[PDB]
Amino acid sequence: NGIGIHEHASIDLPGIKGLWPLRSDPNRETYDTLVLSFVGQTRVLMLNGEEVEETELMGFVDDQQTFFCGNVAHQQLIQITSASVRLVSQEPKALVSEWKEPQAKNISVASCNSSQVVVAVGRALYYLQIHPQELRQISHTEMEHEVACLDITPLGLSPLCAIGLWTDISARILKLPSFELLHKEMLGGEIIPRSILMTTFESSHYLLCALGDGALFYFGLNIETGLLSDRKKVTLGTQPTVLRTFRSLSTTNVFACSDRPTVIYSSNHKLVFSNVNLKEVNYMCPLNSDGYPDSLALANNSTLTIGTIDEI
């Protein structure tokens, strides 16, 4: 059913390719920062309370394009870029650790939770853990095919990693401290996966994989062994759909960015695909700040917006 969006603010910003919520202060809770992405460029926004000041962040780099960045363990921040994953102390605020592909290859794909980072490189996977002032590398294997997307959302640490491959057009579940195969799913066609995600809804875990043509697949997921069951496919849009997890009055829903915004939730023990009443939403992230509580940041083609859902 229809979901409305309560616009709170609205700035004109063409070219956003990503946005991530950050906490500059270990002592505050609420997010006070908003990092934007552009072609080869990254910008940062300071959030006061309805006030947007444009800023700079010291460990972070601005001449690259950010694939991800957020609050990591041990009071630190992380900025995975096309060139390197760089760790940053929260206190003084400086690069305390930086990882790079042993041969100068561009990271091409990234995923990261608070303690783990799993990046790809055209067909290779690297697992890194987040220690005090160190990006410690734990293992590195080659995938039969170019990696198109991955996720490591914990369901502490995550014993599982979820990948989407190029040609094979498979969705797989791998063991982290080894990358051993736990389950492979052939998905059909010539459209590669563009977004993959592991999440939980009432009390059950699911695997979500959005293909480049707007097709969304959702499997039930068994953590313990990582086996997918009850494969269902629905269509949401015609353009690549990107899946992001956000919090509602409840604790967890899923925003689907595409030619047709869609929020995924759960009433009983079955999914529901509500339509968001907005032209189109290309990128989004949750945004819990004093300026705006549990809200959201939706980025269009030339607009950045913050607002809330009404309720369920």
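Sequential numbering from 1, following the sequence displayed.
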- Task: If the chain runs straight from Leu95 to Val96, say none; otherwise bin the unmodelled deposited residues as 1 to 3, 4 to 9, or 10 or more.
- Result: none
- Of 191-199 and 96-104, the stretch with the higher mean C-alpha B-factor in the deposited entry is 96-104
- Read off the CA B-factors in the entry, average them over 138-146 and over 237-245, and name the higher stretch. 138-146
- Out of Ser274, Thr252, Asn282, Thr55, highest CA B-factor residue: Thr252
- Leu87: CA temperature factor from the record, placed by chain third, in the lowest
- Pull the Cα B-factor of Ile312 out of the PDB entry and bin it into the chain's lowest, middle or highest third. highest
- Can you tell me which third, lowest, middle or highest, the CA B-factor of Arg260 falls into for its chain? middle
- Message: Considering every modelled residue of the chain and its Cα B-factor in the PDB entry, is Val44 in the lowest, middle or highest third?
- Response: middle
- Item | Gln79 CA temperature factor, ranked by third within the chain | lowest
